[PDB]
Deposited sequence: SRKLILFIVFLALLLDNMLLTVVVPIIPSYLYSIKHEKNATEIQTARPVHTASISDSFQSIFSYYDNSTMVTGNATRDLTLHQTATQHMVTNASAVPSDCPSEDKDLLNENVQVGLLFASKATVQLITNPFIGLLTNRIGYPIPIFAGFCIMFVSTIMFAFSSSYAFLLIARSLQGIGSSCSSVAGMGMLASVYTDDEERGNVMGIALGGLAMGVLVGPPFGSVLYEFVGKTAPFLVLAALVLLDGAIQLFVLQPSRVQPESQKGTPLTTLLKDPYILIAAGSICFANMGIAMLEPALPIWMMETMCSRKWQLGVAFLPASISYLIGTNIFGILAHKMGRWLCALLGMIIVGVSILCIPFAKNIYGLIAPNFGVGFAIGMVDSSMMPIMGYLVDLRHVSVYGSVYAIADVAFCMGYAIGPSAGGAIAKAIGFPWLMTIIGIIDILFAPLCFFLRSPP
């Protein structure tokens, strides 16, 4: 019964994304009051991604030395401490510390869980099938985070969503202790194909670049779209809120269906078509005149990014087996670094560009870049 390991990675990713999305509404409002009674706010937002990017390679190396369960449980402990600090700390410095620890725990959870899922699901088809579910864990977390945080903030109080998240994290830790049992440190058999050799690989680089650009598109789109909506359409707050909902719904459906549909169609073809579709949707976003015009391109963006992720993570695992030794911590650290590359410089660079040139020009540039990179996914196809 290795399904319990899938549940642990699903719960870990889901709770991580719940915390990440509950935090985004609550933190600016709380700060916009203590200061009374641009640089630092962006630093607080990007600290999680920056620290996760920094500590991904170290966790990738550590998983080879001490196995996966100890990093997974450590990621749990760090996440629980970060949740408690979010609950009870009300200073900006402590908020930054909590964000940095959340990033460290996110790195541990993501890298170790993806490596463990790759190692226990050695089959090519089942690897993608379960990684679709694991990736849909993040989509479910993103979907059910903001409403959960909002209702628990409005009805009970500020610390209630964080306390409930901490209780759910404690239950996740109890089941982790029951199934993983990190009683002792165990090493893996062989070495790990040092990162210097993995990054020289053109195919691993192509997969990481496709993931990075597909995620950077949405990472620049998500914070820079509401500003342009207020500039042009003068939409209401709730319209600014439900505009990106189709992207999340479509990402969930696309991930959960293409985790299985990518093997029969071809993972390279799925990534190529995903890049083309996300580029086309990003190009067509600026032409929408109202929310009803933005309903479909956001769906396309989310669907295509789901295809890209669900086809490219199993490509990373397959490439490490095909050309290197079968150790996955380092390669999935590479993939996580590719994700946080978009997640870190996404908002700031996107805003800077949208200030220098118009928002439609930024969207056009992102779309043409994605479409131009799409042919590069052809080289990922198997020789036969």
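Unmodelled region of the deposited chain sequence (numbering from residue 1): 38 to 110 only.
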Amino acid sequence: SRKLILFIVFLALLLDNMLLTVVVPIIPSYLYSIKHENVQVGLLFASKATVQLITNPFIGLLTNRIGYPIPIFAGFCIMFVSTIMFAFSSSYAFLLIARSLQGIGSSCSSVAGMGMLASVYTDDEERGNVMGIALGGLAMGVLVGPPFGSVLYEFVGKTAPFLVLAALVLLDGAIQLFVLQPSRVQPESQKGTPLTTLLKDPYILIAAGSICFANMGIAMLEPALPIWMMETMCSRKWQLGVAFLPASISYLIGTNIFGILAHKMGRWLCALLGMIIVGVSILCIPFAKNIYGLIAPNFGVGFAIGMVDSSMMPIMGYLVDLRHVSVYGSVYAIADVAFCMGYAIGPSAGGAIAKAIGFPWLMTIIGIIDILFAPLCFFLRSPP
From here on, numbers count along this sequence of modelled residues.
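Under this definition, the rigid core comprises the largest set of C-alpha atoms superposing within 1.5 Å between the forms.
In 7 other deposited structures of this protein, superposed by the rigid core, the C-alpha atoms of 242 to 250 lie farther from the shown form than the other of 242 to 250 and 184 to 192. Each structure in 7 other deposited structures of this protein is fitted to the shown form on the rigid core, and of 370 to 378 and 19 to 27 the C-alphas lie farther away on average for 19 to 27.
Figure legend: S326 is marked as modelled in all of the other comparable entries of the protein, none of which omit it, let alone a third. Looking at the other PDB entries for this protein, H36 is absent from the model in a third or more of those that include the residues around it.
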